[PDB]
Amino acid sequence: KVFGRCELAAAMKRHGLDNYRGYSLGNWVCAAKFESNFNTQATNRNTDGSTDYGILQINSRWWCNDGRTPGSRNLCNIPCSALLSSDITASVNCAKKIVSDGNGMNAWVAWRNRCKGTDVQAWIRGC
Amino acid sequence: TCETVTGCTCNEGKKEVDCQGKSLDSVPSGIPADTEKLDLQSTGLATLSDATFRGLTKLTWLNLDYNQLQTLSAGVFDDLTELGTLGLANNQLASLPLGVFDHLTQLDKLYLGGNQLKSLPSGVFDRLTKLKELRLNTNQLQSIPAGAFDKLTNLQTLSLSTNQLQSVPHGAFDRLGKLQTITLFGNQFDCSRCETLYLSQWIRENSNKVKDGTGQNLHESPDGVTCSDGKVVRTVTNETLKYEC
């Protein structure tokens with residue numbers, strides 16, 4: 001599923017991301033935009049043989065099990081395939097664990113590159 | 001447990017040295033001279049120099065992802081003529097030296113995603129005629145040089161998302177006859193510019209290649225690439241820009 005901007009903002013708000021760990025809704029929308037282009041099925045393979053999955057590009061090294069990743073920890077207790085669904089529940093649930101792990105949203109490299117420190121509330125305006 | 005490389009792990013059979021996640025103060029001196037796979041990801045490496053990998057002439061896979069590298073030296077990869085995979089993702093690279101990849105004629109995958117690149121040197125990829133995958137996404141790229149990709153005739157995957165592009169030079173993708181996947185979203189294409197026309201027609205002509213990621217089995221997203229003003233790029237035709245162009 002490719003979400004529209006306002007459609008995803010609404011869904012992330014419903015799933016409790018607004019102000020989660022101090023991060024406004026706009027952070028989460030912007031993060032999805034530059035990580036996956038709002039596309040729930042995007043994946044990207046990494047050098048260490050892990051893969052980043054789904055709308056928030058959650059990795060198979062630490063967070064989900066894809067059955068093909070060396071030294072995986074599966075801290076979300078979830079097949080990575082569950083993070084490719086059109087329903088964002090599982091990625092949100094796992095994103096909540098990631099953003100709780102100490103470094104906040106810094107895990108999300110495209111967020112850190114394009115969203116961090118900007119007027120992120122622009123991503124939910126007009127909705 | 002590496003006999004000759006302290007605090008790294010080894011598979012002498014597979015000619016592998018894994019130092020991933022070990023705090024390194026420099027690249028270890030005891031690496032076997034016949035090592036093929038060297039993993040240095042997340043070791044905290046801050047610099048490399050012309051002599052860092054000297055003598056590691058059998059390397060086919062080198063992983064420097066998630067380090068603190070800000071620049072490279074022109075000769076850092078000199079000896080590594082059989083390299084097939086280079087991981088340089090998620091460092092802090094601000095630039096690349098002229099000729100930095102010229103000895104890597106067998107390179108298959110080059111990961112440069114998640115750096116701070118603003119520009120690419122003249123002809124930096126020209127020697128890489130067997131390259132199948134190039135990741136340049138999530139950098140700060142202001143432009144692509146004319147003909148940057150012209151020698152990349154075997155390339156299948158080019159990732160350019162999340163950069164600062166306002167256009168691509170005319171015919172930028174002409175020579176990429178093996179391309180399967182390109183990422184273009186997250187840029188700021190200025191669709192008032194005449195250069196747009198090459199890009200919009202390309203996307204119309206190559207719409208199955210334009211994707212939101214680099215993996216397999218992902219349906220195309222040709223309308224996911226948008227002008228800085230919100231318009232979908234591929235809807236912009238010569239007639240759209242009749243006034244400007």
# chains A, B, ... in the order shown; residues from 1 in each chain; ligands from 1

$ residues_around --residues "stretch 37-41 of chain A" --least-positions-apart "3" --cutoff "10 Å" --atoms "only C-alpha atoms" --output "VMD selection string"
(chain A and resid 1 to 5 8 29 to 34 53 to 57 81 83 to 88 91) or (chain B and resid 161 to 162 183 to 186 211 to 213 215 217 to 219 221 224 to 225)

$ write_last_selection --atoms "N, CA and C atoms" --output "CSV table (one decimal), in the first residue's frame"
chain,number,residue,atom,x,y,z
A,1,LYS,N,0.9,-1.2,0.0
A,1,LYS,CA,0.0,0.0,0.0
A,1,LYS,C,0.9,1.2,0.0
A,2,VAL,N,0.6,2.2,-0.9
A,2,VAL,CA,1.3,3.5,-0.8
A,2,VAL,C,0.3,4.5,-0.1
A,3,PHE,N,0.6,4.9,1.1
A,3,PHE,CA,-0.3,5.8,1.9
A,3,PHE,C,-0.2,7.2,1.3
A,4,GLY,N,-1.3,8.0,1.4
A,4,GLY,CA,-1.2,9.4,1.2
A,4,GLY,C,-0.8,10.0,2.5
A,5,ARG,N,-0.2,11.2,2.4
A,5,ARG,CA,0.3,11.9,3.5
A,5,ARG,C,-0.7,12.1,4.7
A,8,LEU,N,-1.8,8.7,6.2
A,8,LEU,CA,-0.8,8.1,7.1
A,8,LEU,C,-0.8,8.9,8.4
A,29,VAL,N,5.6,11.2,10.4
A,29,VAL,CA,5.1,11.3,9.0
A,29,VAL,C,6.3,11.5,8.1
A,30,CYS,N,7.1,12.6,8.4
A,30,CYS,CA,8.3,12.9,7.7
A,30,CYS,C,9.3,11.7,7.6
A,31,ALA,N,9.5,11.0,8.7
A,31,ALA,CA,10.4,9.8,8.8
A,31,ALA,C,9.9,8.8,7.7
A,32,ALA,N,8.6,8.5,7.7
A,32,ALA,CA,8.0,7.5,6.7
A,32,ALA,C,8.2,8.0,5.3
A,33,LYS,N,8.1,9.3,5.1
A,33,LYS,CA,8.2,9.9,3.8
A,33,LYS,C,9.6,9.6,3.2
A,34,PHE,N,10.6,9.9,4.0
A,34,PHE,CA,12.0,9.8,3.5
A,34,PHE,C,12.7,8.4,3.6
A,53,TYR,N,12.9,-3.1,6.5
A,53,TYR,CA,11.6,-3.4,6.0
A,53,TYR,C,10.5,-2.4,6.3
A,54,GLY,N,9.8,-2.0,5.2
A,54,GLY,CA,8.5,-1.5,5.3
A,54,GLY,C,8.4,0.0,5.5
A,55,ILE,N,7.3,0.5,6.0
A,55,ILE,CA,7.1,1.9,5.9
A,55,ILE,C,8.0,2.7,6.8
A,56,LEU,N,8.5,2.1,7.8
A,56,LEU,CA,9.5,2.8,8.6
A,56,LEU,C,10.9,2.0,8.6
A,57,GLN,N,11.1,1.1,7.6
A,57,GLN,CA,12.4,0.6,7.3
A,57,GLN,C,13.1,0.0,8.5
A,81,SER,N,8.2,-10.1,7.6
A,81,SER,CA,7.1,-10.1,6.7
A,81,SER,C,5.8,-9.4,7.3
A,83,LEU,N,6.0,-6.7,8.9
A,83,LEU,CA,6.2,-5.3,8.8
A,83,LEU,C,6.0,-4.8,7.3
A,84,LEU,N,5.5,-5.7,6.4
A,84,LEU,CA,5.2,-5.4,5.0
A,84,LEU,C,3.7,-5.3,4.7
A,85,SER,N,2.9,-5.4,5.8
A,85,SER,CA,1.4,-5.4,5.7
A,85,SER,C,0.9,-4.0,5.3
A,86,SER,N,-0.3,-3.9,4.8
A,86,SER,CA,-1.0,-2.6,4.6
A,86,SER,C,-1.4,-2.0,5.8
A,87,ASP,N,-1.7,-2.8,6.9
A,87,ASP,CA,-2.0,-2.3,8.2
A,87,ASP,C,-0.7,-2.0,9.0
A,88,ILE,N,-0.6,-0.8,9.5
A,88,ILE,CA,0.7,-0.3,10.0
A,88,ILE,C,0.9,-0.7,11.5
A,91,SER,N,4.4,-2.3,12.5
A,91,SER,CA,5.6,-1.4,12.3
A,91,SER,C,5.5,-0.3,13.4
B,161,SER,N,17.3,8.4,-4.0
B,161,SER,CA,16.3,9.1,-3.1
B,161,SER,C,16.9,9.9,-2.0
B,162,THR,N,16.2,10.8,-1.5
B,162,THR,CA,16.6,11.7,-0.3
B,162,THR,C,17.9,12.3,-0.6
B,183,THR,N,15.6,4.7,-7.5
B,183,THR,CA,14.8,5.5,-6.5
B,183,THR,C,15.1,7.0,-6.8
B,184,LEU,N,14.0,7.8,-6.8
B,184,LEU,CA,14.1,9.2,-7.2
B,184,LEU,C,13.4,10.1,-6.2
B,185,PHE,N,12.6,9.6,-5.3
B,185,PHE,CA,11.7,10.3,-4.4
B,185,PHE,C,12.6,11.1,-3.4
B,186,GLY,N,12.0,12.1,-2.7
B,186,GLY,CA,12.7,12.8,-1.7
B,186,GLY,C,13.8,13.8,-2.2
B,211,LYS,N,10.9,3.1,-8.3
B,211,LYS,CA,10.5,2.3,-7.1
B,211,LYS,C,10.8,3.1,-5.8
B,212,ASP,N,10.1,2.7,-4.8
B,212,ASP,CA,10.2,3.3,-3.4
B,212,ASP,C,11.2,2.6,-2.6
B,213,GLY,N,11.9,1.6,-3.1
B,213,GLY,CA,13.0,0.9,-2.4
B,213,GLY,C,13.8,0.1,-3.5
B,215,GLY,N,14.6,-3.4,-3.2
B,215,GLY,CA,14.4,-4.8,-3.2
B,215,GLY,C,13.6,-5.4,-4.3
B,217,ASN,N,10.5,-7.7,-6.1
B,217,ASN,CA,9.1,-7.9,-6.1
B,217,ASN,C,8.3,-6.7,-5.6
B,218,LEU,N,8.9,-5.5,-5.8
B,218,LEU,CA,8.1,-4.3,-5.4
B,218,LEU,C,7.5,-3.7,-6.6
B,219,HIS,N,6.2,-3.5,-6.6
B,219,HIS,CA,5.4,-2.8,-7.7
B,219,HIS,C,6.0,-1.4,-7.9
B,221,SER,N,6.4,2.7,-8.7
B,221,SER,CA,5.8,3.9,-8.1
B,221,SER,C,6.1,5.1,-9.0
B,224,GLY,N,5.2,8.4,-7.6
B,224,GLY,CA,5.6,8.8,-6.3
B,224,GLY,C,6.8,9.8,-6.3
B,225,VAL,N,7.2,10.2,-7.5
B,225,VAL,CA,8.3,11.2,-7.7
B,225,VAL,C,7.6,12.5,-8.1

$ select_by_dssp --residues "stretch 8-45 of chain A" --states "strand (DSSP E or B)" --output "number ranges by chain"
A: 20, 23, 39, 43-45

$ residues_around --residues "residue B:48" --least-positions-apart "5" --cutoff "9 Å" --atoms "only C-alpha atoms" --output "MDAnalysis selection string"
chainID B and resid 26:27 53 69 71:73 76

$ write_last_selection --atoms "C-alpha atoms" --output "mmCIF file, in the first residue's frame"
data_model
loop_
_atom_site.group_PDB
_atom_site.id
_atom_site.type_symbol
_atom_site.label_atom_id
_atom_site.label_comp_id
_atom_site.auth_asym_id
_atom_site.auth_seq_id
_atom_site.Cartn_x
_atom_site.Cartn_y
_atom_site.Cartn_z
ATOM 1 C CA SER B 26 43.248 1.477 14.019
ATOM 2 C CA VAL B 27 42.851 -1.364 11.499
ATOM 3 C CA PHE B 53 44.582 -2.008 3.605
ATOM 4 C CA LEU B 69 34.712 8.415 8.309
ATOM 5 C CA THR B 71 36.943 11.781 4.058
ATOM 6 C CA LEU B 72 38.876 9.097 2.220
ATOM 7 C CA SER B 73 42.372 9.236 0.705
ATOM 8 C CA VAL B 76 42.985 3.925 0.270
#

$ residues_around --residues "stretch 193-209 of chain B" --least-positions-apart "3" --cutoff "12 Å" --atoms "only C-alpha atoms" --output "MDAnalysis selection string"
chainID B and resid 156:159 165:174 176:184 188:190 212:228 231:245

$ residues_around --residues "stretch 60-76 of chain A" --least-positions-apart "6" --cutoff "10 Å" --atoms "only C-alpha atoms" --output "PyMOL selection string"
chain A and resi 45-46+48-53+82-83+90-91+93-98

$ select_by_dssp --residues "stretch 61-109 of chain A" --states "alpha helix (DSSP H)" --output "ChimeraX atom specification"
/A:89-99,109

$ atom_distance --atom1 "atom CA of residue A:47" --atom2 "atom CA of residue B:87"
5.7 Å

$ residues_around --residues "stretch 34-40 of chain B" --least-positions-apart "5" --cutoff "9 Å" --atoms "only C-alpha atoms" --output "list in words"
residues 48 of chain A; 12, 14, 15, 16, 17, 18, 19, 20, 21, 22, 24, 27, 45, 55, 56, 57, 58, 59, 60, 61, 62, 63, 64, 65, 66, 67 and 83 of chain B

$ write_last_selection --atoms "N, CA, C and O atoms" --output "short mmCIF file (atom, residue, chain, number, x, y, z; two decimals), in the first residue's frame"
data_model
loop_
_atom_site.label_atom_id
_atom_site.label_comp_id
_atom_site.auth_asym_id
_atom_site.auth_seq_id
_atom_site.Cartn_x
_atom_site.Cartn_y
_atom_site.Cartn_z
N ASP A 48 25.78 -5.89 5.66
CA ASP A 48 25.97 -6.97 6.63
C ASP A 48 24.95 -8.10 6.38
O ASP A 48 24.85 -9.04 7.16
N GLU B 12 38.95 -19.29 9.13
CA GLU B 12 40.16 -19.38 8.31
C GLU B 12 39.83 -20.10 7.00
O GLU B 12 40.43 -19.82 5.96
N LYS B 14 36.83 -20.01 5.36
CA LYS B 14 36.16 -19.05 4.50
C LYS B 14 36.97 -17.74 4.30
O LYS B 14 36.53 -16.86 3.57
N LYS B 15 38.16 -17.67 4.91
CA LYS B 15 39.09 -16.51 4.79
C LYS B 15 38.38 -15.23 5.24
O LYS B 15 38.48 -14.20 4.58
N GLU B 16 37.67 -15.34 6.35
CA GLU B 16 36.87 -14.27 6.92
C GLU B 16 37.45 -13.79 8.24
O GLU B 16 37.86 -14.58 9.08
N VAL B 17 37.47 -12.47 8.38
CA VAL B 17 37.87 -11.77 9.60
C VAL B 17 36.72 -10.82 9.96
O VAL B 17 36.35 -9.93 9.16
N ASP B 18 36.17 -11.00 11.15
CA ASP B 18 35.03 -10.24 11.60
C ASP B 18 35.38 -9.49 12.88
O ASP B 18 35.63 -10.10 13.94
N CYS B 19 35.41 -8.17 12.76
CA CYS B 19 35.74 -7.30 13.86
C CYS B 19 34.57 -6.43 14.20
O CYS B 19 34.71 -5.51 15.02
N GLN B 20 33.42 -6.72 13.58
CA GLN B 20 32.22 -5.91 13.74
C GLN B 20 31.91 -5.69 15.21
O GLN B 20 31.96 -6.63 16.00
N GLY B 21 31.59 -4.46 15.56
CA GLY B 21 31.24 -4.08 16.90
C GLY B 21 32.39 -4.09 17.90
O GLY B 21 32.14 -3.93 19.08
N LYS B 22 33.64 -4.29 17.45
CA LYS B 22 34.79 -4.13 18.36
C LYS B 22 35.31 -2.70 18.23
O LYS B 22 35.53 -2.23 17.12
N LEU B 24 37.78 -0.24 17.56
CA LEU B 24 39.11 -0.22 16.99
C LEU B 24 39.75 1.16 17.06
O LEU B 24 39.09 2.17 16.81
N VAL B 27 43.08 -0.05 12.13
CA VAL B 27 42.85 -1.36 11.50
C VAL B 27 43.96 -2.33 11.97
O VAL B 27 45.14 -2.02 11.84
N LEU B 45 35.90 3.46 13.48
CA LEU B 45 37.00 3.99 12.65
C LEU B 45 36.76 5.42 12.22
O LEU B 45 35.68 5.78 11.74
N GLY B 55 48.49 -4.54 1.07
CA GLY B 55 48.76 -5.97 1.17
C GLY B 55 47.57 -6.92 1.23
O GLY B 55 47.78 -8.12 1.13
N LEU B 56 46.35 -6.40 1.38
CA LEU B 56 45.15 -7.26 1.46
C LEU B 56 44.56 -7.45 0.07
O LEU B 56 43.41 -7.10 -0.20
N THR B 57 45.37 -8.04 -0.82
CA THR B 57 45.11 -8.08 -2.25
C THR B 57 44.08 -9.13 -2.67
O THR B 57 43.64 -9.13 -3.83
N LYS B 58 43.67 -10.00 -1.76
CA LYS B 58 42.65 -11.02 -2.00
C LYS B 58 41.26 -10.58 -1.54
O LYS B 58 40.32 -11.33 -1.69
N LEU B 59 41.15 -9.41 -0.93
CA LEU B 59 39.86 -8.99 -0.42
C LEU B 59 38.85 -8.96 -1.57
O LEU B 59 39.17 -8.45 -2.65
N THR B 60 37.67 -9.53 -1.33
CA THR B 60 36.55 -9.43 -2.29
C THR B 60 35.34 -8.71 -1.66
O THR B 60 34.39 -8.29 -2.35
N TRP B 61 35.39 -8.53 -0.34
CA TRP B 61 34.27 -7.98 0.40
C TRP B 61 34.89 -7.20 1.52
O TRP B 61 35.68 -7.75 2.32
N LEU B 62 34.56 -5.92 1.58
CA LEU B 62 35.02 -5.07 2.65
C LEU B 62 33.85 -4.27 3.19
O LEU B 62 33.18 -3.57 2.41
N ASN B 63 33.62 -4.33 4.49
CA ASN B 63 32.47 -3.65 5.13
C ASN B 63 32.95 -2.59 6.14
O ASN B 63 33.47 -2.93 7.22
N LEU B 64 32.79 -1.32 5.75
CA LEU B 64 33.10 -0.18 6.60
C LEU B 64 31.85 0.58 7.01
O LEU B 64 31.93 1.77 7.34
N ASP B 65 30.69 -0.08 7.01
CA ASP B 65 29.44 0.64 7.36
C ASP B 65 29.44 1.05 8.84
O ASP B 65 30.04 0.37 9.70
N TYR B 66 28.74 2.15 9.12
CA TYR B 66 28.52 2.60 10.49
C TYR B 66 29.81 2.95 11.25
O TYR B 66 29.97 2.59 12.42
N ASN B 67 30.68 3.71 10.59
CA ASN B 67 31.91 4.22 11.21
C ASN B 67 31.84 5.72 11.23
O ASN B 67 30.74 6.28 11.04
N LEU B 83 38.15 -6.59 -5.30
CA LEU B 83 36.99 -6.29 -4.46
C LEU B 83 35.71 -6.37 -5.29
O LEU B 83 35.65 -5.83 -6.41
#

$ closest_residue --among "B:52, B:105, B:92, B:138" --to "chain A" --atoms "only C-alpha atoms"
B:138

$ residues_around --residues "residue B:107" --least-positions-apart "2" --cutoff "12 Å" --atoms "only C-alpha atoms" --output "PyMOL selection string"
chain B and resi 59-62+77+80-87+101-105+109-111+125-134+152+154-155

$ write_last_selection --atoms "N, CA, C and O atoms" --output "compact mmCIF listing (two decimals), in the first residue's frame"
# COMPACT_ATOMS: atom_id res chain seq x y z
N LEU B 59 41.15 -9.41 -0.93
CA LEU B 59 39.86 -8.99 -0.42
C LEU B 59 38.85 -8.96 -1.57
O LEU B 59 39.17 -8.45 -2.65
N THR B 60 37.67 -9.53 -1.33
CA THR B 60 36.55 -9.43 -2.29
C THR B 60 35.34 -8.71 -1.66
O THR B 60 34.39 -8.29 -2.35
N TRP B 61 35.39 -8.53 -0.34
CA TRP B 61 34.27 -7.98 0.40
C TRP B 61 34.89 -7.20 1.52
O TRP B 61 35.68 -7.75 2.32
N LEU B 62 34.56 -5.92 1.58
CA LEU B 62 35.02 -5.07 2.65
C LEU B 62 33.85 -4.27 3.19
O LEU B 62 33.18 -3.57 2.41
N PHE B 77 42.04 2.41 -1.43
CA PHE B 77 41.59 1.11 -1.94
C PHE B 77 42.50 0.52 -3.01
O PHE B 77 42.17 -0.53 -3.55
N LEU B 80 43.29 -3.24 -3.63
CA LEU B 80 42.15 -4.13 -3.52
C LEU B 80 41.50 -4.42 -4.87
O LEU B 80 40.29 -4.21 -5.07
N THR B 81 42.29 -4.98 -5.77
CA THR B 81 41.85 -5.14 -7.17
C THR B 81 40.79 -6.20 -7.44
O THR B 81 40.20 -6.24 -8.52
N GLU B 82 40.54 -7.08 -6.47
CA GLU B 82 39.52 -8.11 -6.62
C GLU B 82 38.26 -7.80 -5.82
O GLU B 82 37.39 -8.62 -5.68
N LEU B 83 38.15 -6.59 -5.30
CA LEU B 83 36.99 -6.29 -4.46
C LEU B 83 35.71 -6.37 -5.29
O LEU B 83 35.65 -5.83 -6.41
N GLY B 84 34.71 -7.06 -4.73
CA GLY B 84 33.39 -7.18 -5.34
C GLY B 84 32.32 -6.35 -4.61
O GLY B 84 31.38 -5.83 -5.24
N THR B 85 32.47 -6.19 -3.30
CA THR B 85 31.50 -5.44 -2.46
C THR B 85 32.21 -4.43 -1.56
O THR B 85 33.14 -4.79 -0.79
N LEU B 86 31.79 -3.18 -1.63
CA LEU B 86 32.29 -2.15 -0.72
C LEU B 86 31.17 -1.50 0.08
O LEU B 86 30.29 -0.81 -0.50
N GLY B 87 31.23 -1.68 1.40
CA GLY B 87 30.26 -1.06 2.30
C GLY B 87 30.85 0.20 2.91
O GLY B 87 31.80 0.10 3.70
N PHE B 101 37.83 5.03 -6.58
CA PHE B 101 37.43 3.65 -6.93
C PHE B 101 38.10 3.07 -8.19
O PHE B 101 37.72 1.99 -8.65
N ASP B 102 39.08 3.78 -8.77
CA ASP B 102 39.62 3.41 -10.10
C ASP B 102 40.26 2.01 -10.20
O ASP B 102 40.24 1.41 -11.26
N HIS B 103 40.81 1.49 -9.09
CA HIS B 103 41.41 0.14 -9.11
C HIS B 103 40.41 -1.01 -8.92
O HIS B 103 40.77 -2.19 -8.98
N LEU B 104 39.15 -0.67 -8.65
CA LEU B 104 38.17 -1.66 -8.28
C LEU B 104 37.37 -2.12 -9.50
O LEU B 104 36.14 -2.10 -9.53
N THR B 105 38.07 -2.62 -10.50
CA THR B 105 37.38 -2.87 -11.76
C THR B 105 36.37 -4.02 -11.69
O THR B 105 35.47 -4.08 -12.53
N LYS B 109 28.99 -4.37 -6.00
CA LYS B 109 28.11 -3.54 -5.13
C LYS B 109 28.91 -2.45 -4.42
O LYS B 109 29.97 -2.73 -3.78
N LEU B 110 28.39 -1.23 -4.52
CA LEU B 110 28.93 -0.08 -3.84
C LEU B 110 27.86 0.66 -2.96
O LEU B 110 26.87 1.21 -3.48
N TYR B 111 28.01 0.62 -1.63
CA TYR B 111 27.00 1.18 -0.74
C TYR B 111 27.53 2.47 -0.19
O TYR B 111 28.43 2.44 0.65
N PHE B 125 32.94 7.00 -11.12
CA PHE B 125 32.47 5.63 -11.31
C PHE B 125 32.96 4.99 -12.61
O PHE B 125 32.55 3.88 -12.92
N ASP B 126 33.82 5.68 -13.36
CA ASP B 126 34.02 5.27 -14.78
C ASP B 126 34.71 3.93 -14.93
O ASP B 126 34.50 3.25 -15.92
N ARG B 127 35.51 3.55 -13.93
CA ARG B 127 36.25 2.30 -14.03
C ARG B 127 35.42 1.09 -13.64
O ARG B 127 35.86 -0.06 -13.80
N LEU B 128 34.20 1.34 -13.14
CA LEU B 128 33.41 0.29 -12.47
C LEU B 128 32.45 -0.34 -13.46
O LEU B 128 31.26 -0.35 -13.24
N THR B 129 32.99 -0.91 -14.54
CA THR B 129 32.16 -1.37 -15.64
C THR B 129 31.33 -2.62 -15.33
O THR B 129 30.40 -2.92 -16.05
N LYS B 130 31.63 -3.31 -14.23
CA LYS B 130 30.85 -4.47 -13.86
C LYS B 130 29.85 -4.19 -12.72
O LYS B 130 29.11 -5.06 -12.30
N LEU B 131 29.81 -2.95 -12.25
CA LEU B 131 28.93 -2.59 -11.10
C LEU B 131 27.49 -2.93 -11.38
O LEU B 131 26.97 -2.55 -12.44
N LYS B 132 26.86 -3.67 -10.48
CA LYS B 132 25.45 -4.01 -10.59
C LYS B 132 24.55 -3.16 -9.70
O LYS B 132 23.36 -2.94 -10.02
N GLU B 133 25.12 -2.69 -8.58
CA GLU B 133 24.36 -1.95 -7.60
C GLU B 133 25.13 -0.72 -7.08
O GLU B 133 26.27 -0.84 -6.62
N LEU B 134 24.51 0.45 -7.23
CA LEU B 134 25.06 1.68 -6.65
C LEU B 134 24.03 2.38 -5.76
O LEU B 134 22.98 2.82 -6.26
N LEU B 152 28.52 2.68 -16.73
CA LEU B 152 27.87 1.69 -15.87
C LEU B 152 26.85 0.81 -16.59
O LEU B 152 25.70 0.68 -16.17
N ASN B 154 26.40 -2.35 -16.99
CA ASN B 154 25.82 -3.51 -16.30
C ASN B 154 24.96 -3.20 -15.09
O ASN B 154 24.50 -4.08 -14.41
N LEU B 155 24.77 -1.92 -14.81
CA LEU B 155 24.11 -1.52 -13.56
C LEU B 155 22.65 -1.93 -13.57
O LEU B 155 21.94 -1.74 -14.58

$ atom_distance --atom1 "atom CA of residue A:124" --atom2 "atom CA of residue A:6"
6.6 Å

$ closest_residue --among "B:43, B:1, B:116, B:122" --to "chain A" --atoms "only C-alpha atoms"
B:116

$ closest_residue --among "A:58, A:115, A:42, A:80" --to "chain B" --atoms "only C-alpha atoms"
A:42

$ atom_distance --atom1 "atom CA of residue B:95" --atom2 "atom CA of residue A:27"
28.2 Å

$ closest_residue --among "B:120, B:74, B:210, B:148" --to "residue B:51" --atoms "only C-alpha atoms"
B:74

$ closest_residue --among "A:104, A:17, A:113, A:78" --to "chain B" --atoms "only C-alpha atoms"
A:113
